[PDB]
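To start, the structure under review is shown below, and the notes come after it.
First the proteins, then the strands, lettered A, B, ... as listed; each starts at 1. FYI, side chains are in, hydrogens and waters are out, and symmetry mates aren't considered; it's all heavy atoms of this structure.
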Number of protein chains: 6
Amino acid sequence: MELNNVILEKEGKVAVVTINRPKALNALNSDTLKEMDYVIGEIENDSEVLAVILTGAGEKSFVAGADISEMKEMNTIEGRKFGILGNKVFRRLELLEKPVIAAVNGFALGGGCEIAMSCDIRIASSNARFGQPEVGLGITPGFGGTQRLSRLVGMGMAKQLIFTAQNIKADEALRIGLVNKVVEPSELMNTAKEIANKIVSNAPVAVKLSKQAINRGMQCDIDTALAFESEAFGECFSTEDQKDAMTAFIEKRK
Amino acid sequence: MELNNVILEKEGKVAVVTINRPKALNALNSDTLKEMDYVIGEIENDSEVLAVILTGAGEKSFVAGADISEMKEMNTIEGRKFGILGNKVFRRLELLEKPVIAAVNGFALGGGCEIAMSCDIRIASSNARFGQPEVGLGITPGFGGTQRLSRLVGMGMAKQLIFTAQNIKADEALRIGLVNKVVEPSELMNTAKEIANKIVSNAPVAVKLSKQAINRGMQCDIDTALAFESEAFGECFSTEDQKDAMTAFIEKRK
Amino acid sequence: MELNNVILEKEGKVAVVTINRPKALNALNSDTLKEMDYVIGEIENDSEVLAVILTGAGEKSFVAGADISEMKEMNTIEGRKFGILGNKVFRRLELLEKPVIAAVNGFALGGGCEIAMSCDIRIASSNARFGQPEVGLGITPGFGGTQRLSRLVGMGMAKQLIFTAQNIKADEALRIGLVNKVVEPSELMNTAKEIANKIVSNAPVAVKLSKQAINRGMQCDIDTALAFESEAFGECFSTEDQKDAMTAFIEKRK
Amino acid sequence: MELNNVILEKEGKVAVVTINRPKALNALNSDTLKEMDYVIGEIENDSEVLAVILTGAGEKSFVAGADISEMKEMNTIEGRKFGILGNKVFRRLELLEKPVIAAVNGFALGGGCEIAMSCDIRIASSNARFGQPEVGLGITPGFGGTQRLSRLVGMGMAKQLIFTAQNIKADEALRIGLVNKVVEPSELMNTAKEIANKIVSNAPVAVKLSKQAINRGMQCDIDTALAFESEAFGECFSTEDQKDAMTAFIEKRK
Amino acid sequence: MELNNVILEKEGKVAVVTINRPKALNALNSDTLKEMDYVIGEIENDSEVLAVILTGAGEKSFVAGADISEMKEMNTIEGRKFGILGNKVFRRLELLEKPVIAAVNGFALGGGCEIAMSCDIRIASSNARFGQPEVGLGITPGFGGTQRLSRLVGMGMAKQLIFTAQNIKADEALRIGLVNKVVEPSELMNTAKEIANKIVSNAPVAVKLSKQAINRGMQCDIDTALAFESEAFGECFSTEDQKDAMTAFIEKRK
Amino acid sequence: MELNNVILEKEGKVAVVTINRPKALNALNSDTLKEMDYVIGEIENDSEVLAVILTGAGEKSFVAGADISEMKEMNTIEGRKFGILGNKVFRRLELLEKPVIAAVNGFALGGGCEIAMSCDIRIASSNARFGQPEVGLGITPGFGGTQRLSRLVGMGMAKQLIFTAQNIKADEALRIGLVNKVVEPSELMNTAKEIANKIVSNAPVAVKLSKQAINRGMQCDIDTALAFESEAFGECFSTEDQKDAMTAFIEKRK
C-alpha cells in the first residue's frame with residue numbers, strides 16, 4: 001500500500017507514526033483512516049517494535065478534525081458505516097499489544113481528539129488544544145468521542161465539552177487528566193521518546209499482558225477482572241525475561 | 001399543577017428551575033419531589049426547551065438536605081419505596097433529552113448533593129459546599145448518592161465523604177471533579193446561562209443523541225458502547241441541521 | 001494463630017493493623033498474606049471494631065513490594081495460584097464490612113501499592129512514594145494492580161505507571177486521586193484516627209450498608225445500581241439507630 | 001382518563017387487563033399504549049392487587065401487532081421516539097412490583113409478542129401464534145423484541161424468528177421455552193387464575209422482593225447479583241408475614 | 001474439624017461428599033454449612049481430588065430445605081448476614097477449581113435446590129423433586145435461588161417456580177435444563193461416577209482452566225470473555241500434559 | 001487469493017461457503033482460517049450478498065477439529081496468539097452484517113463446533129454430532145468454546161461437554177437448543193436455503209440492524225439494550241424499504 005498522508009518510521013524499539021496532511025492541518029479522511037489501519041498492521045507484524053508514538057506533522061496541528069466534504073452528503077446508513085469504520089481503526093489502535101503514546105503537538109479536535117483518546121498515554125505541548133466541535137456540525141462525535149472522553153475525564157467534563165463544542169487549552173487538559181503531562185513544544189518529542197524508552201527498557205511480554213489486563217478488566221466487574229489478571233500473571237512465569245529479571249534483581253547484594 | 005416549592009421559567013430556549021423554600025433552606029420533601037417530577041414532565045413535552053439550569057433560591061442554599069420529619073416514622077418497606085420514588089425523579093432528570101446544568105449556589109447536602117449529581121453538568125459559586133450526612137442520621141444516601149458520587153469523583157473521595165459525613169468546599173469539589181468550574185456568587189447564573197446558551201446554539205438532535213450515547217454507553221463494555229455511538233451518529237445524517245451545518249461550514253471554512 | 005509479621009490493636013472502636021517487617025521494608029510474603037487474612041477474619045468477627053487503619057512500621061515504609069525469592073522459580077500454574085491467593089486476601093479487605101483507611105507512611109510499591117488500593121480511603125505522608133515495578137521484573141501486577149489503579153486514577157495514568165514502572169511522590173499521588181490527603185509524617189496517624197473517629201461516631205449499620213452499596217453498585221449499570229441502594233436504604237429503617245438519630249436530629253437542630 | 005381500547009377489572013387479589021380492539025385484532029397504537037401506561041399506574045397504586053393477568057379480547061387474537069398507518073410516515077427521529085415510548089410502557093410492566101402473567105389466547109405478533117415477553121410468565125392456548133414480522137415491514141422490532149426474545153429463548157432461535165419473520169405455533173413456543181405451559185382455549189383463563197391464586201396465596205413482600213431480585217440481579221455479574229439478593233432477603237425479616245409463616249410452618253407437628 | 005452432618009470420601013481421584021442428616025431429610029443448618037465450607041476447603045488442598053460428587057443420604061432426600069428454627073426470629077440485619085454466609089459457602093463450591101456434580105437423589109428444595117444449582121453439573125434420579133418454597137414462608141430465596149435458577153432455566157420458568165413456590169418432578173426438571181440427565185435411583189451414583197471418571201481421565205490443568213473460563217467469561221461481554229479464554233488457553237501450552245496428549249494423539253490416531 | 005480449503009459460491013443473494021479438506025475431514029488449520037478470513041472479507045464487501053450458509057463438503061463431516069501438528073510445539077505466548085487469531089476470524093463472522101446459517105451436515109468438533117456456534121443460526125442433519133474434545137488434548141477450547149457453548153445451551157450442558165469431552169447427537173443438540181432444527185441429510189441444504197431465502201426476501205437494512213441490536217444488546221443490561229434498539233429502530237425510518245413495505249402492507253391488508 002502507498003503512503004501519502006501518514007509516515008511510519010522505525011528505529012530501535014520504537015515506531016513513530018506521523019499524520020502529515022500539512023495543508024489540511026493533519027485532518028482525517030477515508031484514505032488517511034485506511035492508511036492508519038495498514039500501519040497498525042505493520043506495527044503488529046513486527047515483534048521488535050515495543051512502543052509507538054503517534055504525532056502530527058508541523059508545529060500547529062496534531063490532528064485538526066476529519067474532512068467534512070466527505071461527510072456532508074452521506075445518508076443515515078452511510079454515516080453509520082463511516083462511524084463503524086473509523087471506530088474499527090481506533091479500537092484496533094487501543095488494543096494493539098504495544099503501548100501507544102500520543103504526542104499532541106497542537107490542535108486535537110474532533111477525530112483528532114478521538115484518535116488521541118485511543119492511545120494508552122497522552123502528553124501535550126503547551127500550545128495544544130482539545131475539543132469536540134461535532135455537535136455544531138449537526139452530529140455526535142463519530143469515532144468514539146461519546147465514550148472515551150467520559151471514561152478518561154469523567155461524565156461532568158465530557159458532557160460539557162461535547163454539548164458546548166468548545167475547546168480547552170493544554171493546561172486545562174492536564175487539570176482534568178486528559179493528558180498526563182504538558183511540556184514546551186521543543187520538548188514534546190524528547191519527552192515521548194523518554195517515556196517510550198523507559199517502557200521499552202521493560203520486559204515486553206509483561207507490558208503486552210499488562211496492557212491487555214487493563215484494557216479488558218476495565219470492561220467488567222472487579223471479581224472477573226481480577227481473575228483475568230491472574231491468568232495473565234501466570235503466563236509471565238513461562239518466560240525467560242521473568243526468570244532472568246527476578247534473578248538479576250536479587251543480584252541486589254552487589 | 002400550581003407549584004409552591006419550585007419555580008419554572010423560560011429565558012430563550014433555556015428552562016430555569018429553582019427550588020425555593022425559604023423556611024427550610026430549599027430542602028427537599030415529598031411535595032417538592034412531586035413538583036419537580038411535574039416540571040421535568042413539562043420540560044419533556046416542551047419542544048421549545050433545549051437546555052436546563054437547575055438552581056436554588058437565595059444566597060445560602062442550593063438544596064439543603066431533605067425533610068427528616070417525613071422519614072423518621074418509616075418502616076423498612078416504606079423507606080425502600082421512598083428511596084425508589086426519589087431515585088426515579090432523579091433518574092428521569094438524568095435521562096432528560098435536554099442537557100441539565102446544576103448551578104450550585106450554596107449548600108448542596110444529602111438529597112441536595114444527589115439532585116445536583118443527577119444533572120449533566122455542575123458549576124458552583126465559591127461559597128458552595130457539598131456533602132452526604134445521611135450516615136449520621138442512621139441511613140445510607142437514599143437518592144442515588146451511593147452510586148453517583150463514586151462515579152463522579154472516584155471511590156476514595158466518595159467513600160471518605162459518605163463514611164465521615166463531612167462537607168467539602170467548592171475548591172475541593174473542583175479538585176476532585178465534582179464540578180467543572182467555580183466562580184463568584186454573582187457570576188454563577190451568568191456562567192450557567194453562557195454554558196446553556198452555547199449548548200442551545202448547537203444542533204439539537206446532535207446534542208440529544210450525544211447525551212443518550214454518553215449516558216447509555218457508559219453503562220457497558222467499550223465495544224458495545226462504540227457500536228451504540230455509530231447508530232446514533234448515523235441517525236444524525238437523517239437531519240437538515242447536519243446537511244445545513246456542514247454545507248455552511250465548508251462554505252465559511254473557505 | 002500467633003502473629004510475627006502483623007500487629008493488631010484495638011482502640012475503643014478502631015483497630016490499627018500494622019505490617020511490621022522493619023528490616024524487609026514491610027514487604028509482603030506468603031506468611032504475611034496468610035497472617036493478614038487471619039487478622040482480617042479476626043476483625044470480621046469483632047463487632048466492637050467499626051473501622052480499621054492499616055499502616056506499615058517505622059518511618060521508611062508502608063509496604064515495599066513482595067518477596068521476589070518466593071517468586072523467582074514459580075512456573076505458569078504456580079504464578080497463577082500466587083496471584084489468586086494474594087488477590088483473594090486483598091479482595092477480602094476491600095469488601096470487609098468495616099471501613100479501612102490506609103495510612104501510607106512511606107514506600108508503597110507493587111504489592112504495597114496494591115494493598116493500599118484495596119482499602120476504602122488512602123491518606124499518605126509527604127515522604128510516601130507509589131509505584132508498580134512489576135514489568136521491570138518480567139511480570140504484570142499480581143495482586144490487583146492492573147485493575148485497581150486504572151479504576152482509581154483513570155486509564156491514562158495507570159497505564160503510564162505500569163508500562164514505565166517509575167514511581168511517583170505523594171504530591172503526584174494526591175493530584176491524580178490515588179490518595180485523598182497528604183500530611184507530614186508527624187500528622188499521619190492523627191489524621192487517620194480523626195477520619196476513623198468521625199466514621200465511628202456515625203451510625204454503624206448505615207456506614208456498613210453504604211460500603212456495600214458503593215462496592216456492589218459500582219460494578220453494574222446505573223439502574224440496577226440505584227435499585228441496589230434502595231434495598232439497603234430500606235434496611236436502615238429496621239434499625240433503632242435510624243429512629244434515634246432522626247428523633248435526636250429534629251429536636252437537636254430544633 | 002377514559003378507557004376505549006383496554007379493560008381493567010379487579011376482583012380479589014388479582015387484576016385482569018384485557019386488550020380489546022376486537023376489530024383490529026387487539027393491535028397496539030399510540031392511544032392503546034397510553035391507556036396501558038395509565039392502568040399500570042392504577043395497578044401499582046393499589047397494594048391489594050397482588051397479581052396481574054394480561055390477555056386479549058375474543059378467541060382469535062391476543063395482540064396482533066401495532067397499527068402501521070400510525071408508523072408509515074414517521075421519520076428517523078420520530079420512529080426513535082415511538083420506539084422509546086412503547087419500550088417505556090413495557091419496561092414499566094416488566095418492573096411492576098406484582099407478578100404479571102400473559103394469557104396468550106391467540107395471535108401474539110410484533111408488539112404483541114413483545115408485550116407478552118414483558119410479563120413475568122407466559123402461558124398459551126393451543127391456537128396461539130408467536131412471531132416478529134417487523135423485518136418484512138422494513139424495521140427492527142421496536143418494543144424490545146431484539147432484546148427479550150434472545151434472553152427468553154436463546155440467540156439461535158431469536159435470530160431465526162426475527163430474521164425470517166415467520167410465525168410458530170403454540171407447541172413450538174413451548175419447546176423453546178417461550179411459554180411455560182400450553183392448554184386448550186376453554187382452559188386458558190382458569191389456568192392463569194390458578195397460577196395467579198397460588199402466587200397471591202403467598203406472602204406479598206417476598207414475591208415483590210423476589211421479583212426485584214430476579215429482574216435486577218439478572219442484569220449483572222453473579223457476585224453483585226448474589227449480594228443484591230441478601231439485601232432483599234434481609235428486608236423480609238422485618239415483616240409480620242415472615243414471622244407468622246415461619247411460625248405456622250413449625251405448627252408442622254400437628 | 002470433625003464432621004457429623006457431612007461425610008467425605010476419596011475414590012482414586014474423585015471425592016464424594018454426602019450430606020447426611022437422615023432424620024432431617026439432609027436439611028441445611030449453620031453447622032452443616034460450616035462443615036461444607038470446611039470440606040470444600042479440604043477438597044481445595046487435595047490435588048489427588050480432581051472431581052467431586054455431591055449427594056444426600058438415603059433414598060428420600062438430596063437436601064430438603066434449611067432449618068426454619070434457626071431463622072424464625074432473625075431480624076433484618078441478621079437475615080442479611082445469614083444470606084451472605086450461605087451464599088458465600090455456595091459460591092465457593094461454584095468456583096471450586098475441580099468440577100462438581102450434584103447427584104440429586106431425591107428431594108431438593110429451597111436451600112437444597114440452591115446447593116445443587118451451585119455445582120457444575122446436575123443429574124437426578126427419577127424420584128427427585130425441585131422447588132423454592134421460600135415465598136410461602138415470607139422470604140425470598142436466601143442462598144442464590146433468585147439468581148441461579150433464572151440463569152439456568154430462563155426467566156419464564158424461574159419466575160413461575162419462585163412466585164408460586166410449587167415443586168416440579170425430575171422430568172420437568174430435565175425439560176427445562178435444570179438437570180442434564182434423569183436416571184433411576186439404582187443408576188444415579190454409577191452415572192455420576194462415570195461422568196466424574198471421564199472428567200478425571202482428561203487433562204487436569206485443561207479442565208481447571210476451562211471451569212474458570214466458563215465461570216468468569218460468562219459474567220462479562222463476549223469480547224472480553226473471548227480474550228479471557230485465550231489467556232487461559234495459552235497457559236495450557238506451559239504444561240507437559242498438553243505436549244504429551246497431543247504427541248500421543250497424533251501417533252495414536254495415526 | 002486462490003482458495004484450496006474453502007469453496008465460495010453465490011446462488012441468488014446467498015453466499016454458500018464450504019469447508020472442504022477430504023484428506024482431513026474438513027478440519028481447520030492455519031491456512032483454512034486465513035482463507036475463511038479472506039472470504040468473510042469478500043462477503044463484507046459484496047452488497048449483492050444478503051445471507052450466508054456455512055457448510056462442510058462430504059457426508060461424514062462439517063468440520064472435524066483442527067490440525068494438531070500445528071499446535072503441539074507451541075509455547076504459552078504462541079498458543080495465546082493462536083487462540084486470539086482464531087477467535088478474531090470467528091468474531092468477525094459472528095458480527096458480519098449478513099446473517100449466517102451453519103448447516104451442520106456431519107461431525108462438528110472442537111474448532112468445528114466453535115465455528116458453527118459463531119454463526120447466527122444452526123440447523124443440522126440427523127447424523128450430525130457436536131463436541132469439544134480439547135480437554136483430552138491438554139488444552140481448553142481455544143476458538144471461543146468456553147464462551148459460546150455456555151451462552152447457547154446453558155452452563156450445565158456446556159460444563160458437562162467441555163469437561164467430559166464427549167460428543168452429543170443431533171437430537172440432543174436440538175433438545176438443548178444448540179440447533180433450531182434437525183432434518184434428513186438430503187433435506188439439510190434445502191432447509192438452509194429456504195431459511196436463507198426467506199431472510200433475503202426481507203428488508204435488508206432491517207435485518208442488518210436487527211442483527212446488530214441482538215448481538216450488541218445481549219452484552220449489556222436490559223435498559224441500555226432497549227435504548228440501543230430504539231436508535232436502530234429509528235434508523236430504519238430513513239429508508240424507502242420501510243416507507244414502501246408499510247405502504248404496500250396497508251394497501252394489501254385492505
Side-chain angles (χ1 to χ4, degrees), chain B residues 65 67-88 90-91 94-95 118 132-151 153-166 175-177 215-216 218-220, chain C residues 51 99 101 117 119-123 151-154 174-175 177-181 195 198-199 201-203 205-215 217-218 220-223 225-250 253:
Chain B
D67 198 288
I68 296 288
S69 326
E70 277 174 359
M71 287 166 67
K72 187 182 72 64
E73 285 310 294
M74 291 178 170
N75 68 11
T76 29
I77 186 66
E78 293 156 340
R80 174 175 191 273
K81 193 191 178 63
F82 189 75
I84 290 172
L85 298 160
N87 271 293
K88 211 182 98 89
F90 285 18
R91 203 34 185 149
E94 188 163 54
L95 288 178
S118 300
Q132 304 273 356
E134 282 89 350
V135 94
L137 281 36
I139 49 160
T140 68
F143 297 161
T146 59
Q147 298 320 321
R148 292 207 171 78
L149 184 53
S150 262
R151 293 166 158 79
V153 315
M155 283 233 290
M157 289 299 314
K159 282 177 162 181
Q160 201 174 279
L161 267 56
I162 285 155
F163 296 164
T164 70
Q166 201 140 197
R175 187 190 60 84
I176 68 180
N215 280 343
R216 303 293 192 178
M218 200 70 179
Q219 308 314 312
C220 55
Chain C
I101 297 147
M117 295 195 282
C119 310
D120 295 295
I121 291 154
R122 283 150 299 296
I123 245 122
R151 280 165 172 80
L152 259 12
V153 310
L174 185 70
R175 182 167 81 72
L178 187 49
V179 295
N180 295 348
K181 293 201 188 79
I195 293 159
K198 315 197 182 87
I199 294 177
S201 351
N202 292 312
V205 167
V207 173
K208 182 158 283 194
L209 296 174
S210 299
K211 185 172 169 158
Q212 169 81 146
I214 295 166
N215 277 328
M218 201 69 176
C220 61
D221 73 90
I222 188 60
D223 294 288
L226 293 168
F228 191 108
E229 188 191 81
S230 293
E231 305 299 346
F233 185 72
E235 293 175 277
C236 297
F237 288 83
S238 82
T239 70
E240 294 307 277
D241 283 345
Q242 174 263 321
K243 170 71 170 188
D244 302 343
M246 281 180 198
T247 298
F249 167 91
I250 305 164
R253 237 236 295 161

Bottom line for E94(B): the part with an atom under 4.5 Å from chain C's heavy atoms is side chain
Using heavy-atom distances under 4.5 Å, tell me whether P133(B) contacts chain C through its side chain, its backbone, both, or neither. neither
Smallest separation among heavy atoms of [X] and [Y], with atom names:
{"X": "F249(C)", "Y": "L137(B)", "answer": "CD1-CD1, 4.3 Å"}
{"X": "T239(C)", "Y": "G138(B)", "answer": "OG1-O, 4.3 Å"}
{"X": "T140(B)", "Y": "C236(C)", "answer": "N-SG, 3.7 Å"}
{"X": "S230(C)", "Y": "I84(B)", "answer": "OG-N, 3.4 Å"}
{"X": "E229(C)", "Y": "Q147(B)", "answer": "OE2-N, 4.2 Å"}
{"X": "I121(C)", "Y": "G156(B)", "answer": "CG1-O, 4.1 Å"}

Options [options], ranked by heavy-atom pairs under 4.5 Å with chain C, top entry:
{"options": "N87(B), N215(B), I77(B)", "answer": "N87(B)"}
{"options": "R80(B), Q166(B), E134(B)", "answer": "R80(B)"}
{"options": "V153(B), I162(B), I139(B)", "answer": "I139(B)"}

Which region of [X], side chain (C-beta onward) or backbone (N, CA, C, O), has a non-hydrogen atom less than 4.5 Å from a non-hydrogen atom of chain B, or is it both or neither?
{"X": "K181(C)", "value": "side chain"}
{"X": "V205(C)", "value": "neither"}
{"X": "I250(C)", "value": "side chain"}
{"X": "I123(C)", "value": "side chain"}
{"X": "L209(C)", "value": "both"}
{"X": "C220(C)", "value": "backbone"}

Report the residues that fulfil ring-ring contact (aromatic ring centres under 6.0 Å, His included) with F90(B), sequence neighbours left out, ordered by chain and then residue number. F143(B)
Hey, are the side chains of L226(C) and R148(B) touching, using non-hydrogen atoms and a 4.5 Å cut-off? yes
How far does [atom1] of [X] sit from [atom2] of [Y], to the nearest 0.5 angstrom?
{"X": "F163(B)", "Y": "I101(C)", "atom1": "CZ", "atom2": "CD1", "result": "9.5 Å"}
{"X": "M155(B)", "Y": "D120(C)", "atom1": "CE", "atom2": "CG", "result": "8.0 Å"}
{"X": "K159(B)", "Y": "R122(C)", "atom1": "NZ", "atom2": "CZ", "result": "8.0 Å"}
{"X": "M74(B)", "Y": "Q242(C)", "atom1": "CE", "atom2": "CD", "result": "9.5 Å"}
{"X": "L161(B)", "Y": "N180(C)", "atom1": "CG", "atom2": "CG", "result": "9.0 Å"}
{"X": "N75(B)", "Y": "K243(C)", "atom1": "CG", "atom2": "NZ", "result": "11.5 Å"}

Evaluate whether atom NZ of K198(C) has more than 12 neighbouring non-hydrogen atoms of other residues, nucleotides or ligands under 6.0 angstrom away. yes
Taking [options] one by one, which has the highest count of heavy-atom pairs under 4.5 Å against chain B?
{"options": "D221(C), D241(C), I199(C), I214(C)", "result": "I214(C)"}
{"options": "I222(C), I195(C), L178(C), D244(C)", "result": "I222(C)"}
{"options": "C119(C), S210(C), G154(C)", "result": "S210(C)"}

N202(C) side chain to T164(B) main-chain N or O, any donor-acceptor pair under 3.5 Å? yes
Taking only residues two or more places apart in sequence or in another chain, which ones pass salt bridge (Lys or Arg N to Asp or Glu O under 4.0 Å) with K81(B)? none
So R151(B) and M218(C), side chain to side chain contact (heavy atoms under 4.5 Å, CB included) or not? Walk me through it. CA-CA 8 Å; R151(B) 293 166 158 79; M218(C) 201 69 176; 4.0 Å; yes
